[PDB]
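See below for the structure under consideration.
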Amino acid sequence: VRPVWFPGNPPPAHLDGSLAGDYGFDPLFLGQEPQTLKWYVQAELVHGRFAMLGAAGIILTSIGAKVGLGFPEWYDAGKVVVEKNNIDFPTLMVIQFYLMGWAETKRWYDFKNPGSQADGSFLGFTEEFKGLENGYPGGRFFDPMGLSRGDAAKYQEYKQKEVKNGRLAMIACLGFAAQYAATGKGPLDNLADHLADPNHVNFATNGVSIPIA
Amino acid sequence: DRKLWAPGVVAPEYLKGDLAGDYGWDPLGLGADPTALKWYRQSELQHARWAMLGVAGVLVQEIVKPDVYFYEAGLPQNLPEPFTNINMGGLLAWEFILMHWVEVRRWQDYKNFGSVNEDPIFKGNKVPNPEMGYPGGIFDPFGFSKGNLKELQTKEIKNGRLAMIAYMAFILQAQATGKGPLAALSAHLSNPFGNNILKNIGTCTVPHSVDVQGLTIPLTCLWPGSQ
Amino acid sequence: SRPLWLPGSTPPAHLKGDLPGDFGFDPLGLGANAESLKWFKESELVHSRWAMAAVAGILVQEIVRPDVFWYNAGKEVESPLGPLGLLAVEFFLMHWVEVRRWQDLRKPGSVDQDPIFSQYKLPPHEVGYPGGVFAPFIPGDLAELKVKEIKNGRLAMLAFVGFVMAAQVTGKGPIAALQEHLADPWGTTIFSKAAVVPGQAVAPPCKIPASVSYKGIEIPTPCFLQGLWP
Ligand code: CHL
Ligand code: CLA
Ligand code: CLA
Ligand code: CLA
Ligand SMILES: CC(/C=C/C=C(C)/C=C/[C@@]12O[C@]1(C)C[C@@H](O)CC2(C)C)=C\C=C\C=C(C)\C=C\C=C(C)\C=C\[C@@]12O[C@]1(C)C[C@@H](O)CC2(C)C
Ligand SMILES: CC(/C=C/C=C(C)/C=C/[C@@]12O[C@]1(C)C[C@@H](O)CC2(C)C)=C\C=C\C=C(C)\C=C\C=C(C)\C=C\[C@@]12O[C@]1(C)C[C@@H](O)CC2(C)C
């Protein structure tokens, strides 16, 4: 009864519509096993939330570069930051995996053993690391405003928004990479060029996407 | 028993003649949802009433000031003497503020019918608002609504639908020929066979953009006419 | 039953008119959680009371000292106490005042006693409204006065934001900026100096220097979210 990605086709048995963003899309049956699906649900949310941060960061800095505030392009930012600020790349890389390793490992072992991180072993904190649902930590640290601790109906609506905006951001980040490879320019240079002449400046005329053209 | 848009057709089960100007016409079935029909009826009234003002404005303005091309009347240099070369940004500020108020007031009436009938400052002033889209009261000072309202609503929607088609005829005629509705009529009468759509449809007389006090505004015809 | 921010609308369930200034406005549902609302209620009063004093302070400075721009008052002010002497006093005095206010919020009634003089104590009170020595004079009904405080407070919070963005866009104080509007109202609004259309975006230039030199150091002074300006 619920809308599906391919109208007319029944949804698969293992997608029962409870999860956020459930449109019955799993043509390769990758999440058929329930234990695999829980792992994939968290994988989609981690990917989506990183993509949303990346899309917003790329967009903001691209605007700054466009209006001449001196920001580099996202594909040049890495070089400019280390050279301008005299930062050792390997040292920054090691710190990143220490901090991400700690946060990721604790997340990893909450999936393997829910609520196991709330025993007080980490500096005595108990409730903030209990977790609420698979992929939805909650609590005072991860949900300081308690928007998951108010109206239940409102909370479910936010889950639908989060995953949909997350999927859109993942597609957008794929677009940034593909557009940079095809055009060699920044995302808003591409947008500006399209707006100037939409009929003649698009992927069909970039000389790469349609090689036979 | 009412006449329908075509002979031998059957009106949709949800079009029973309750609304004015009901010919049972809905090829795309957009009005099958009862909630959508109410919203689409409001937008039809807005298009009908704004279109009638548009046709009257273009026709009256062309008679009063034949030298002014209605298509370009929006440029600040073409404004009347008191407002000539007025800051278009400041002009837009008034329109945004005032239209946002009246449109949200009208919008809240759709959301909760009968909830914004009263003056928010001077309590006691109210509009009857018998039906959604028909405020009445201060909006009907001459009291014509105190009569055959259903007949008047039929007349309003019939003239409104005709004006909607009429105005888009003005826009397309302006783009194709670069003349106002009355100027276009005169051109046809003088040379009916040498001046008609068969020859003008291939030409779009609108520039690709115009400069308005330093801001470049993109322009477009409604079809890929030959610039 | 009560006037609403949007007349004809239905307020959210978690808002019932108990709080002063409750006009049923919480579109995002930030105050649904009871514990969050207690913290947010305290925060709104503090923001409003700071903003009211700041807006009144800025206006009086301009009248009394029209030659000094309030946005520049940080660097133009010279006193014997110096920069770090003033900051040190401010830090300790504010740390004491804020921790005591904070403790009342966590555990109401626990900081009503005067630490030094044992005979002075605040009478029992609601959180955010410490009576006693803080309220020697109450002109009228508290319920009505609480509404007046929050309504003037919410207006002063917006006024300060108006001062900041006007200063960065015009480089003038609130009164000087107003007189500019009155001279040419049709050519001084934000619409009159900015516009974005498909293919072209025009924004005003930031009228604040990118940096300030102050006693041998350079203080960055960036405009607020300039890249996002209309
Ligand atoms: C409510 C607080 C407050 C606000 C809103 C401002 C606002 C302003 N000050 Mg002012 N100041 C404030 C407090 C103070 N200022 C100064 C001293 C100065 C100087 C010397 C200068 C300004 C300047 C400015 C302007 C631009 C600053 C900027 O962009 O910096 C960008 C941001 C930074 C440089 C750092 C930001 C720090 C961070 C936001 C907060 C840090 C909090 C502390 C760690 C907390 C601990 C300390 C204690 C005391 C609370 C702007 C109008 C400059 C000006 O006039 O430009 C034209 C200028 O030169 N201020 C003192 C010392 C008495 C303050 C004490 O509270
Ligand atoms: C890595 C990101 C990722 C992951 C792990 C998932 C995971 C999931 N998605 Mg999601 N999805 C994603 C990205 C992702 N999605 C994106 C970007 C979109 C937008 C196009 C969607 C749109 C979408 C819909 C509409 C639905 C799901 C659903 C699901 C669930 C069931 C299907 C499944 O088991 O897939 C497991 C997936 C993987 C193990 C990833 C395999 C990746 C391979 C190796 C590469 C694929 C490359 C790809 C074809 C390139 C596309 C290019 C093109 C865009 C030009 C599951 C939790 C269904 C659901 O019920 O959700 C609640 C559902 O209805 N997803
Ligand atoms: C199937 C219908 C069809 C299609 C796909 C095209 C396609 C094209 N026409 Mg042609 N054209 C047609 C029918 C059609 N035409 C007819 C019937 C006439 C006579 C009225 C013309 C007269 C005409 C001219 C004068 C020019 C073109 C040109 C063009 C180009 C588009 C730009 C333009 O100015 O269009 C303008 C044309 C139209 C908007 C015609 C729309 C016809 C619709 C789609 C079909 C239904 C029409 C209907 C029966 C009413 C006809 C009029 C009525 C009074 C009898 C393009 C190659 C231009 C070009 O590039 O020339 C080199 C150009 O200058 N066409
Ligand atoms: C948010 C509060 C605030 C802040 C941070 C400032 C900051 C400043 N003011 Mg402003 N001012 C404020 C409120 C504020 N004012 C208010 C409410 C008024 C109206 C009475 C004024 C009237 C005013 C004038 C007339 C002048 C300033 C000036 C100044 C500057 C120099 C201050 C100085 O020399 O102090 C020196 C301090 C003293 C000699 C002792 C002051 C002791 C006071 C009276 C105690 C107040 C206690 C009270 C309970 C605090 C409540 C704080 C808060 C909760 C509201 C400085 C930038 C001067 C300026 O512009 O210089 C360039 C200036 O001429 N202010
Ligand atoms: C597209 C994508 C995944 C798409 C997956 C698809 C379609 C899967 C489809 C299916 O599997 C299903 C569902 C079900 C199966 O039955 C069928 C198939 C068909 C197999 C992921 C993107 C995932 C994208 C992600 C995570 C992007 C992250 C980006 C980040 C962190 C960027 C960071 C920075 O950009 C900043 C901010 C500033 C710069 O200067 C520096 C850097 C570092 C570059
Ligand atoms: C509002 C409107 C016009 C408004 C014009 C105005 C204000 C003009 C103002 C000015 O000109 C002046 C006075 C003077 C100028 O100097 C300046 C401007 C500013 C230019 C027209 C709408 C015009 C609207 C039109 C033509 C709409 C037509 C819709 C149709 C035919 C729909 C049909 C169907 O939807 C049904 C009903 C049922 C479905 O099942 C099937 C289908 C077929 C989809």
Side-chain angles (χ1 to χ4, degrees), chain B residues 74-77 79-127 129 132 135 207-220, chain C residues 1-13 15 17 21-29 147 151 154-155 158-159 161-162 165-166 168-170 172 177-205 207 229-230:
Chain B
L75 297 180
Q77 58 265 28
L79 286 169
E81 164 55 11
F83 308 93
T84 308
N85 296 326
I86 189 63
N87 190 293
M88 293 298 293
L91 180 64
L92 186 72
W94 288 94
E95 185 178 338
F96 170 82
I97 296 291
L98 299 175
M99 285 297 292
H100 202 278
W101 175 270
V102 310
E103 290 285 273
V104 174
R105 290 288 300 193
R106 181 179 65 84
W107 174 73
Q108 181 62 29
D109 190 59
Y110 167 84
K111 306 303 295 175
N112 189 12
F113 180 64
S115 62
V116 288
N117 291 1
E118 183 173 357
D119 183 321
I121 300 170
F122 309 95
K123 303 295 185 171
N125 296 324
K126 282 180 282 293
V127 292
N129 197 24
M132 190 183 293
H208 283 175
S209 68
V210 64
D211 183 305
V212 180
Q213 305 182 353
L215 186 69
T216 297
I217 294 174
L219 304 182
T220 194
Chain C
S1 60
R2 68 187 188 281
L4 298 172
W5 71 282
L6 176 62
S9 62
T10 59
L15 297 182
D22 185 339
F23 307 119
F25 178 76
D26 191 14
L28 302 184
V147 176
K151 292 179 71 172
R154 289 168 180 169
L155 188 60
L158 297 169
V161 162
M165 304 316 302
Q168 292 185 352
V169 168
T170 68
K172 302 180 179 183
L178 174 60
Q179 292 173 338
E180 189 178 5
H181 182 52
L182 296 175
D184 189 6
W186 293 67
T188 55
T189 61
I190 188 64
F191 282 14
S192 317
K193 64 193 74 173
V196 182
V197 299
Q200 183 180 1
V202 176
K207 288 187 177 179
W229 282 8

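Naming: A, B, ... by sequence-line order, numbering from 1 per chain.
Evaluation of the side-chain contact (heavy atoms from CB on, under 4.5 Å) rule for C/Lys207 yields no partner, not counting sequence neighbours. With sequence neighbours excluded, the residues satisfying side-chain contact (heavy atoms from CB on, under 4.5 Å) with B/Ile217 are B/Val210, B/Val212, B/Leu219. With sequence neighbours left out, C/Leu158 forms a side-chain contact (heavy atoms from CB on, under 4.5 Å) with no residue at all.
At a 4.5 Å heavy-atom cutoff, C/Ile190 makes no contact with chain B through either its backbone or its side chain.
What you find for C/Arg154 and C/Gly21 is that their closest heavy atoms are NH1-O, 2.8 Å. Residues C/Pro12 and C/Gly24 approach most closely at CD-O, 3.4 Å, considering heavy atoms. In plain terms, the two heavy atoms of C/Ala194 and C/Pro204 that are nearest each other are CB-CD, 3.8 Å.
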Distance-only check: which donor-acceptor pairs of chain C and chain B lie under 3.5 Å?
| residue | atom | partner | partner atom | Å |
| --- | --- | --- | --- | --- |
| C/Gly8 | O | B/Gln108 | NE2 | 3.2 |
| C/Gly8 | O | B/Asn112 | ND2 | 2.9 |
| C/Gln200 | OE1 | B/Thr216 | N | 2.9 |
| C/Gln200 | NE2 | B/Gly214 | O | 3.4 |

